[PDB]
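Below, in C-alpha cells: the form deposited in one PDB entry, a single chain.
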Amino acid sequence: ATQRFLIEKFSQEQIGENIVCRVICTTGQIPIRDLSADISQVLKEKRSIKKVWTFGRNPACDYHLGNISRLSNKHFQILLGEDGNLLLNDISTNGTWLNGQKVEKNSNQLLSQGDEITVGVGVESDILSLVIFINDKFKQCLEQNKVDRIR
C-alpha cells in the first residue's frame, strides 16, 4: 500500500517548478490555488518587482473567491520581488487583515510563513480568512541565487 501513496502524494506533492506562494482558505470558502513566478525573470529583472497576484470577487483576479459583497472585486494583491522576499499588498474597499491585525491598504508588508489574511471585516459573521504558504523550494533557489551557468 505504498504505490497508491505515490499517486496521492503527486497531487499534494512538494511543488517547486517555479512556485512563489500558495493560497489556502481555512474558513472553507475558496479552493486552494498555486501562485508562482519564473526564476529566470526574477534573476534577470533588476527592478523592485517581478510578479504580483490579485485576489477578490473579480474573475480576472489571480484569485477567484466565492461571492461576498463585503469583499471587493480585487480585495487583496500579493507582490513578489527583492532577493526572494515576498510582499503582501492589500487592495480591498473594506480592508485587508493579517492575523486579526488590519494593515494599511495598498501597502507592502513582509510576508510570513504560513501567514493568514482576513477579509470582509465589519460583521463577525461576514469575515473570511485566507492562509498563505511559502514554497521552501523557491526560497532555497533564491538563497543560493545561481545565475544560469552550465555545469
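Throughout, we count residues from 1 along the sequence that is shown.
What comes next is about the form deposited with a partner chain bound, which is not displayed.
*Asks:* In the bound PDB entry, does residue 89 come within 4.5 Å of its partner chain, counting heavy atoms only?
*Replies:* The answer is no: residue 89 has no heavy atom within 4.5 Å of its partner chain.
*Asks:* So, residue 73 and its partner chain: in the bound PDB entry, are they within 4.5 Å at any heavy atom pair?
*Replies:* Within the cut-off, so yes.
*Asks:* Please tell me whether any heavy atom belonging to residue 94 falls inside 4.5 Å of a heavy atom of its partner chain, as the geometry stands in the bound PDB entry.
*Replies:* Contact with its partner chain, yes.
*Asks:* Residue 50 near its partner chain in the bound PDB entry, any heavy atom under 4.5 Å?
*Replies:* Taking the distances in the bound PDB entry, the answer for residue 50 is no, it never comes within 4.5 Å of its partner chain.
*Asks:* Note which of 109, 118, 58, 36 lies within 4.5 Å of its partner chain in the bound PDB entry, where distance is taken over heavy atoms; exactly one does.
*Replies:* Here the answer is residue option 58.
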